[PDB]
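Participant: Any chance you can model this:
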Amino acid sequence: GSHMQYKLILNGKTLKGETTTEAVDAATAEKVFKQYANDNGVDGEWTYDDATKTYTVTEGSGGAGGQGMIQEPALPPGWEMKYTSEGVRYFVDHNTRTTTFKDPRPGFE
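Facilitator: Numbering: from 1, shown residues only. Have a look at this structure:
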């Protein structure tokens, strides 16, 4: 009667499931399910649809590009390509501040 049903969907990776709760407020339905999702380690962009009273908590914000593992020329941010006084090629991880030998030729053929 005075109680209205509300849904929840936990779109997570190691935590996936659905549930339902009864409340007289929308804010209360949120707050109760937040404590519910909390103990499951699920928090995310809290979306809602007024047609179905479905609260949707998605674990994440985006997925980003699926392919593009550094396949472009030039040096990437924080990288230095410098040579020794003998013409030997070495790289500098300025991100961690260390030297590293990263050449496309393994063993220098």
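Participant: Please, where are all the strands along the protein?
Facilitator: Along the chain, the stretches classed as strands by DSSP state E are 4-11, 16-23, 45-49, 54-58, 79-83, 89-93, 98-100.
Participant: Which residue is most remote from the mean position of the protein?
Facilitator: Ranked by distance from the centre of the chain (C-alpha atoms, centre = their mean), the top residue is residue 86, with 44.4 Å.
Participant: For the residue nearest in space to the middle of the chain, which non-adjacent residue is spatially closest?
Facilitator: Closest residue to the average C-alpha location of the chain: residue 60 at 5.1 Å, with C-alpha atoms, centre = their mean. Nearest residue to residue 60 in three dimensions, chain neighbours excluded: residue 44, at 6.2 Å (C-beta to C-beta, 6 or more residues apart in numbering). Any C-beta I mention is one placed from the backbone N, CA and C, and that applies to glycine too.
Participant: got it, and residue 6?
Facilitator: Closest residue to residue 6 apart from its sequence neighbours, by C-beta to C-beta, 6+ apart: residue 29 at 4.0 Å.
Participant: Run a quick neighbour tally on that neighbour.
Facilitator: By other C-beta atoms under 10 Å, the residues close to residue 29 number 21.
Participant: How about residue 40?
Facilitator: Applying other C-beta under 10 Å, we find 14 residues neighbouring residue 40.
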